[PDB]
Amino acid sequence: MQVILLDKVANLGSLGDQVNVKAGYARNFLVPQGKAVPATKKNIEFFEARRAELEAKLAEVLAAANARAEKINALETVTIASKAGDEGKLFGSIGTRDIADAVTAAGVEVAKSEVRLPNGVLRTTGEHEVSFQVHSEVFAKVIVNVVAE
Amino acid sequence: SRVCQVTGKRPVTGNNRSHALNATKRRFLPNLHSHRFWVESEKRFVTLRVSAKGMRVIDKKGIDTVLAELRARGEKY
RNA sequence: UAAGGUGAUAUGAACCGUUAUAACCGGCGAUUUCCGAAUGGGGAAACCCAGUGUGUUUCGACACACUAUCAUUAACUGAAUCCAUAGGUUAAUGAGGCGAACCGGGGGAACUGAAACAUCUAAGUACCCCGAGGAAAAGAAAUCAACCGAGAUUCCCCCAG
RNA sequence: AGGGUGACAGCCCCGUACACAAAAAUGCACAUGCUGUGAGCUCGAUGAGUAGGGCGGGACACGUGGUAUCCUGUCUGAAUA
RNA sequence: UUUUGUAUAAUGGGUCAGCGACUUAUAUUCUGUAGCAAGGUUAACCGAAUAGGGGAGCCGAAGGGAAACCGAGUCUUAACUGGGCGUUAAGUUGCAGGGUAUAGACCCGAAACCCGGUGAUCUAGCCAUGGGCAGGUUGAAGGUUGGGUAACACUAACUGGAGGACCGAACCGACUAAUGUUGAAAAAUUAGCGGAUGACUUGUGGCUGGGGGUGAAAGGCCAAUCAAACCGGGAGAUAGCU
RNA sequence: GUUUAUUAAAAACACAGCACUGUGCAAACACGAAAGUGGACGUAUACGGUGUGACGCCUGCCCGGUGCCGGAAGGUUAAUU
RNA sequence: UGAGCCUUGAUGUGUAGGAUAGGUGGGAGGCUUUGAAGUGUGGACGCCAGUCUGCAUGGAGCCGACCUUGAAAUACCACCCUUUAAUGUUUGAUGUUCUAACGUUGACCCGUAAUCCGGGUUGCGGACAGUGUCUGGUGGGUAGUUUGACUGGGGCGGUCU
RNA sequence: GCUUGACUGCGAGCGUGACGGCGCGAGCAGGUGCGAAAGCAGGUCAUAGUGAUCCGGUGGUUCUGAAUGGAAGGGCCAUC
Ligand SMILES: [Mg+2]
Ligand SMILES: [Mg+2]
Ligand SMILES: [Mg+2]
Ligand SMILES: [Mg+2]
Ligand SMILES: [Mg+2]
Ligand SMILES: [Mg+2]
Ligand SMILES: [Mg+2]
Ligand SMILES: [Mg+2]
Ligand SMILES: [Mg+2]
Ligand SMILES: [Mg+2]
Ligand SMILES: [Mg+2]
Ligand SMILES: [Mg+2]
Ligand SMILES: [Mg+2]
Ligand SMILES: [Mg+2]
Ligand SMILES: [Mg+2]
Ligand SMILES: [Mg+2]
Ligand SMILES: [Mg+2]
Ligand SMILES: [Mg+2]
Ligand SMILES: [Mg+2]
Ligand SMILES: [Mg+2]
Ligand SMILES: [Mg+2]
Ligand SMILES: [Mg+2]
Ligand SMILES: [Mg+2]
Ligand SMILES: [Mg+2]
Ligand SMILES: [Mg+2]
Ligand SMILES: [Mg+2]
Ligand SMILES: [Mg+2]
Ligand SMILES: [Mg+2]
Ligand SMILES: [Mg+2]
Ligand SMILES: [Mg+2]
Ligand SMILES: [Mg+2]
Ligand SMILES: [Mg+2]
Ligand SMILES: [Mg+2]
Ligand SMILES: [Mg+2]
Ligand SMILES: [Mg+2]
Ligand SMILES: [Mg+2]
Ligand SMILES: [Mg+2]
Ligand SMILES: [Mg+2]
Ligand SMILES: [Mg+2]
């Protein structure tokens, strides 16, 4: 009995996978507990339309994220004014809100969450490298100008 | 009675034919089973007296489609 | 429509009527006890016993009406269990039972014939059961034909013992 | 035609041929009112646990036969002008 | 009537009157008869309705061969000196009759088989609820007291009231004989007989249904004949028999 | 005690007693296509089937045949494939 | 765990010899501190010659036209063979367990002043049992029948062309 | 001794049967053996030694072949 899985079920497959199962497994367990649906010609189309709709929506987001990743490298140098004392040590720090709000006013609408700092929160006057999470795999760098106020 | 609630399959009559071709009246009964079907749309189990064939009809059409036929027939469940 | 009438055995009695409520014939109404589907409950048919609502120059008890079951629909209500669903009450509408044959369907003999008998026959007959109509059933080709063509179904005559 | 009348009646009586008749209810036709139903045109759509199959039966004049066709109790199971 | 053969002491009939058994339909062939004749005749139906229409068909004028096929011939065989069947006989449609076929098929008659009903008011077994058993006997267990014993055992008298116990009416049954046998009676009467507190007997009502019941079992009983009840139906079963 | 109501009352049937055998309870068994029921509101000291027939003294030998019970290695063997 | 497949690891005494020469190709540096040589020892194979390999120790090397040899370097890498082991997959077989079909003639709740039924909870079982279709065996329990004629009656014997 | 006449197709005319059948047969055609030849041979001195039909099997076949070409199945001949 051909069925298209709703959840992730052991030994069978994943969500939206078409598998042949024993009628009694589907009838008494998989279908009542909503883990699968019969692979009817109406539902095979409904799940291939959803497979094509998700593939097209994931390709466009990969296209929008790379347009954002090339816009991040385009700036190459962003200036942030911070009150720093003698020897270049900052009184405060340049955090995620500070880096994100500096690039949104510059052009690229980057979020606080998208910013990724290695160890510190920037407490020294000079130049530093700041990496970004635009997507789960796409990554782009910028150089931060710690200008003394 | 030995009637399938889905297909209407009921006992039919025919013959036992021996090697000597002696005909004796017999019956062919449907492969009936009382089965509890989970009806999602009603958040309830519905017990139907069904033949294994009628059970395959429910696998193909779906319980809601089959129960709709029972309502249209006036047949209660 | 009428000069005669009040059915019969069946007289008699007391009466009705004759120009138009005598009678008689036809159409439509009224009344139509009790038993019987029988239906308020019961029951050994023509009987026994109720509930509720109403009446009483007598408002005791009797009279009168309603109250069966099932199906569909609606309103109110309402569990296990939160919702729901089941269940419960009421109302509206329908059914029920009877009866010739023909008709569609579910079951389905045997004697008999085979000069015995089992395959076969009798015969899808007899019978039992369900359902329906003035008819029923069937019916507008996934039909035939034979390279030509026909054009639903039903019935009759041939083909042909 | 036929029946009756004290025996066998065209002309005695009731009829018969023919010609007619309804206040009322009802059947069937058309005409017509009303409630409900929908005509025509264009673009579509075209009946799946089905057809087919294995097993057991039944139906076909046809008794499984070399046996097509139909139905299906049981197990299965397509194509898509 | 049946028989080789019946006065036969074989069958049948008391007598009379009335009734009572070779039919009917459709096929088929033959004879008679009629029409038409190498043709004859239409069926359903139409109808102007016993007319007329309708020739769909059917029989016949051609056969031979399994057939293809050939054809006054053909088949057989490689082929027949031949041989088989044919060619030289008029048919067809009515009407009447003789036979046959399918039908109850000349009439009457089984014992039975199948189907659907009605019956446990008789009787069998059981279920519920009621009733009955005169009179007379026998005298179990147990108990008390006395004797006895170391104690028990044991023993006597009394008490006690068991039992499909005994004798015997009602009641239940039915062993023998006579009578009766077109009875008083489709199972009895009379004289005797067995049980008679029990596995007893009986009233009222209930339940089991026909290949079924019930049976302390005899194939007993299931409404006066039960090795398969009764009634209605298949039904005019069939009857090489009388 | 019972029995052939209506030609047989007996030596026949039954009987207490004995034995074999089945039956773990939704029992075996029996009436029922089934549901339901009896067995039994019982539970192996119980319930069914079969035979024998108080009691006393007893009940020997035979498993080849037929019936039954147990066995799984091999041979043969159905639908199915 | 039988049979097919898949990455990847083992395994090869013609003779000239550093020496138990795997065929054919990319073919001048690989293998290494994600730690070799050399020693100590465990296990497996075996033609007791020696190969593969685990762990410890050690610490700056085993190496190429370098000459043999039909055919080259244990510097390394790719399709594979002689054969063998083990991880992935397919349909079987066998076992263990599970719960969710199905059974419950355990207890409980509700419908419900109900030893039926239904729904619900819970416990016990559980893909067993049971049932449908098919199939082999058994089956006087039931059923329909057969079980000859001749004959100095019939039967027995004998006979039947 | 040599051989396959234990031939194939037919058959005037008879016999014996209720019938189904069974039997005897010279001669004709084709082909054959034996004999120099005339000739003889269609089993065995003769008379027993047998089983109808149906159904089915095998081989052969100018037959049939359900639209048509095939095929299946049927016919015919031989045989079980
Ligand atoms: Mg009543
Ligand atoms: Mg009443
Ligand atoms: Mg009452
Ligand atoms: Mg609630
Ligand atoms: Mg009615
Ligand atoms: Mg007969
Ligand atoms: Mg009517
Ligand atoms: Mg109609
Ligand atoms: Mg055309
Ligand atoms: Mg006179
Ligand atoms: Mg269509
Ligand atoms: Mg079809
Ligand atoms: Mg054949
Ligand atoms: Mg005589
Ligand atoms: Mg004389
Ligand atoms: Mg005489
Ligand atoms: Mg006499
Ligand atoms: Mg003639
Ligand atoms: Mg006594
Ligand atoms: Mg007496
Ligand atoms: Mg005495
Ligand atoms: Mg006495
Ligand atoms: Mg009584
Ligand atoms: Mg008859
Ligand atoms: Mg008769
Ligand atoms: Mg006695
Ligand atoms: Mg007697
Ligand atoms: Mg007597
Ligand atoms: Mg005895
Ligand atoms: Mg003995
Ligand atoms: Mg055994
Ligand atoms: Mg099983
Ligand atoms: Mg079978
Ligand atoms: Mg047997
Ligand atoms: Mg018998
Ligand atoms: Mg018979
Ligand atoms: Mg005889
Ligand atoms: Mg010569
Ligand atoms: Mg053809």
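The numbers here are math on the coordinates, done by the rules we state, and not lab data. Cβ atoms come from the backbone with ideal geometry, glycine included; neighbour counts cover every protein chain shown.
Kindly indicate whether B:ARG36 is more than 10 Å from RNA strand G (Cβ to nearest atom), touching a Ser or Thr at 6+ places or on another chain (Cβ under 6 Å) and not β-branched (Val, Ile, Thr).
Judged against the criteria, B:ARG36 is not a match.
Please state which of the following conditions B:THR13 fails to meet, knowing it meets all the rest: (1) away from every other protein chain (no Cβ under 14 Å); (2) closer than 26 Å to A:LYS35 by Cα.
(2) is the only condition that B:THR13 fails.
With the condition kept exactly as written, say whether any residue in segment A:100-107 is assigned to a strand (DSSP E or B), surrounded by fewer than 19 Cβ atoms within 10 Å (Cβ to Cβ) and of a type outside the set (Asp, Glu).
Restricting attention to segment A:100-107, the residues satisfying the condition of being assigned to a strand (DSSP E or B) are none.
No, every residue in segment A:100-107 fails to be assigned to a strand (DSSP E or B), surrounded by fewer than 19 Cβ atoms within 10 Å (Cβ to Cβ) and of a type outside the set (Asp, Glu).
If I ask for residues that are within 9 Å of another protein chain (Cβ to nearest Cβ), over 13 Å from the mean Cα position of the chain (by Cα) and either closer than 15 Å to B:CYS4 by Cβ or part of a helix (DSSP H, G or I) (or both), which ones from segment B:38-60 would you list?
B:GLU40, B:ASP59, B:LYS60
Which of the numbered conditions does A:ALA36 fail, given that it passes all the others? Conditions: (1) within 14 Å of chain B (Cβ to nearest Cβ); (2) small (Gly, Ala, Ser); (3) within 28 Å of A:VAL146 (Cβ to Cβ).
If we test A:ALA36 against (1) within 14 Å of chain B (Cβ to nearest Cβ); (2) small (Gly, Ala, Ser); (3) within 28 Å of A:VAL146 (Cβ to Cβ), just (3) comes out false.
Which of the residues belonging to segment A:69-98 are touching a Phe, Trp or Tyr at 6+ places or on another chain (Cβ under 9 Å) and either surrounded by 13 or more Cβ atoms within 10 Å (Cβ to Cβ) or without any contact (Cβ under 8 Å) to a residue 12 or more places away in the chain (or both)? Quick ask: steps written out before the conclusion?
Taking segment A:69-98 and keeping what is touching a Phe, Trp or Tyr at 6+ places or on another chain (Cβ under 9 Å), we get A:69, A:72, A:82-85.
Residues satisfying the conditions are A:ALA69, A:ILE72, A:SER82, A:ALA84, A:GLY85.
Going through B:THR7, B:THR13, B:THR65 one at a time, which residue ends up being under 18 Å from the mean Cα position of the chain (by Cα), assigned to a loop (DSSP other than H, G, I, E, B) and either away from RNA strand F (no atom under 16 Å from the Cβ) or loosely packed, with under 12 Cβ neighbours inside 10 Å (or both)? Can you show your working first?
Numbers: B:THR13 fails: assigned to a loop (DSSP other than H, G, I, E, B); B:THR65 fails: assigned to a loop (DSSP other than H, G, I, E, B).
Exactly one of B:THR7, B:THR13, B:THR65 is under 18 Å from the mean Cα position of the chain (by Cα), assigned to a loop (DSSP other than H, G, I, E, B) and either away from RNA strand F (no atom under 16 Å from the Cβ) or loosely packed, with under 12 Cβ neighbours inside 10 Å (or both), namely B:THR7.
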